[PDB]
Amino acid sequence: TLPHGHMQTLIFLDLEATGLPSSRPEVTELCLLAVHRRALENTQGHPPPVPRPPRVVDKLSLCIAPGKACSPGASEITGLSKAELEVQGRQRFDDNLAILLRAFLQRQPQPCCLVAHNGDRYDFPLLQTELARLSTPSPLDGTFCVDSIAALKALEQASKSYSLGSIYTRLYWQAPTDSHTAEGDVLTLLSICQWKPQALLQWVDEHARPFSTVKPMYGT
Amino acid sequence: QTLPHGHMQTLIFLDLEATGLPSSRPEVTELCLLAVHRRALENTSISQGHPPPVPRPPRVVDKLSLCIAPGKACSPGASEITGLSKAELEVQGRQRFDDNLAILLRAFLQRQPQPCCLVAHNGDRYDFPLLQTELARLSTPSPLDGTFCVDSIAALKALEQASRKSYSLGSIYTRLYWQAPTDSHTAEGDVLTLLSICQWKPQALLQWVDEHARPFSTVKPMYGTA
DNA sequence: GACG
DNA sequence: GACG
Ligand SMILES: [Ca+2]
Ligand SMILES: [Ca+2]
Ligand SMILES: [Ca+2]
Ligand SMILES: [Ca+2]
């Protein structure tokens, strides 16, 4: 049963941030990669080769100046720091960023579904909190979201760690590239979604839920 | 030299793919922008090795890459060189070059420290005049009327003299780096290659960009519409 | 030239 | 768990 129709585009998403949830983190880097459903509908060996990302894709990767310092932990793994984001003149998560995101979304055929790894616990609530600071009305209040951890559990079971890298090494037998660059993680995430692309699309269509319903991570 | 319009804060590496070459009145099918602060080009390290290693992209970069359905068919050479076609672009539901696309570019650019300079290989003969006709077609004011632009062929020509060759993108790349470009089909692959070469002597490339920047609004359109 |  |  399809609660909101076929999702016409999938937007792979990854945030880098200042820290883990209980630090009440702020976003330092955001990457979206937008793929039409038909790119999966047209995506084999043991192991199969890492799938070739579709030719037709839209991509946005942005570095964002946070309002507070990165935790030592986050700085090391991301290679980002408030101090360097500022030296290099990055703007905060502001009203202009929300226009950018709206315009990027408006270029995708609707409905759209955000896809993030640990998205329900991490990227979705965090993104919600960032947006709630703005009171520009949120550009995501019409979009849908789903967690790729739950997706890949269902796929493998129909076919142990569900961390991005563990799944990727299990399917493909390679270490992933560019850990904790947001674009690098979005890539790695695409590759596992392209593992069984028809069944993944099916699952996403089954499980998409309104992003307006996602509770903020904190602040509320 | 004294600076035409002072120090350019952002360098935005730019590449377009399209349906063909200038005489065909081509339409844009893909666009990539990679924005970097000038500081990341005062921060590229000393190259150690032989052959010289391809430089690391800066960490802090903004990237936009978009596919664009053109209103006319891709020529055979453009299909082969880009792996894109109109039929396929429409199947993947890509929108035309429209007013929203301009709002997106404007917000992207407005996210940048000002002034910004567009950098594109053969930009003065291809990418800049083409971008101008695409924007002139819209009912949106041009998001690029305060943006500057510079051609990287003239940069690397002057850079390489300072240290009869081809100056096409991958020739410079393979000459500097002794390997083939990682990706020569996509707009993002060409920006990444242009970024690599522009990181060859980043101190001198900056010096040169600041001296040669011109308003994008003085860029004449590739072709009129009427 | 060199850009698609 | 798993996300910075
Ligand atoms: Ca992540
Ligand atoms: Ca990450
Ligand atoms: Ca080019
Ligand atoms: Ca190109």
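FYI, side chains are in, hydrogens and waters are out, and symmetry mates aren't considered; it's all heavy atoms of this structure. Below, read A as the first sequence line, B as the second, and so on, with proteins coming before strands; counting in each chain starts at 1.
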S.K.: Is the shortest side-chain N to carboxylate O distance from A:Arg55 to B:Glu30 below 4.0 Å?
M.R.: yes

S.K.: Under 4.0 angstrom, heavy atoms only, what part of the nucleic acid is A:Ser161 near: base, sugar-phosphate, or nothing?
M.R.: sugar-phosphate

S.K.: How would you label the contact of B:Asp151 with the nucleic acid (heavy atoms, under 4.0 Å): base, sugar-phosphate, or nothing?
M.R.: nothing

S.K.: Select base, sugar-phosphate, or nothing to describe what B:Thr19 touches, counting heavy atoms under 4.0 Å on all strands.
M.R.: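 If one applies the 4.0 Å heavy-atom cut-off, B:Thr19 turns out to touch nothing in the nucleic acid.
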
S.K.: Do the side chain of A:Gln128 and the main chain of A:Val214 share a donor and acceptor less than 3.5 angstrom apart?
M.R.: yes

S.K.: A:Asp185 near the nucleic acid: base, sugar-phosphate alone, or nothing, with a heavy-atom cut-off under 4.0 Å?
M.R.: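 Sugar-phosphate, no base atom in range.
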
S.K.: Any donor-acceptor pair under 3.5 Å linking the side chain of B:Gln112 with the backbone of B:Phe108?
M.R.: yes

S.K.: Touch check for B:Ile153, heavy atoms < 4.0 angstrom, all strands: base, sugar-phosphate only, or nothing?
M.R.: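 Here B:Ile153 touches the backbone only, sparing every base.
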
S.K.: Any base atoms under 4.0 Å from A:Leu126, or only sugar-phosphate, or nothing? Heavy atoms, all strands.
M.R.: nothing

S.K.: Please work out which of the three classes, parallel, tilted or perpendicular, describes the rings of B:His212 and B:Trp208, given edges at 30° and 60°.
M.R.: parallel

S.K.: State whether B:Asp62 and A:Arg90 are salt-bridged, where the test is any N-O pair (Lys NZ or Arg NE/NH1/NH2 against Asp/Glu carboxylate O) under 4.0 Å.
M.R.: yes

S.K.: Shoot me the first and last contacting nucleotide of DNA chain D against chain A, ordered 5' to 3', at under 4.0 angstrom to non-hydrogen atoms.
M.R.: D:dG1 to D:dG4

S.K.: Output yes when B:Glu27 and B:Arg137 qualify as a salt bridge under the 4.0 Å nitrogen-oxygen rule, no when they do not.
M.R.: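 Yes, charged N to carboxylate O under 4.0 Å.
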
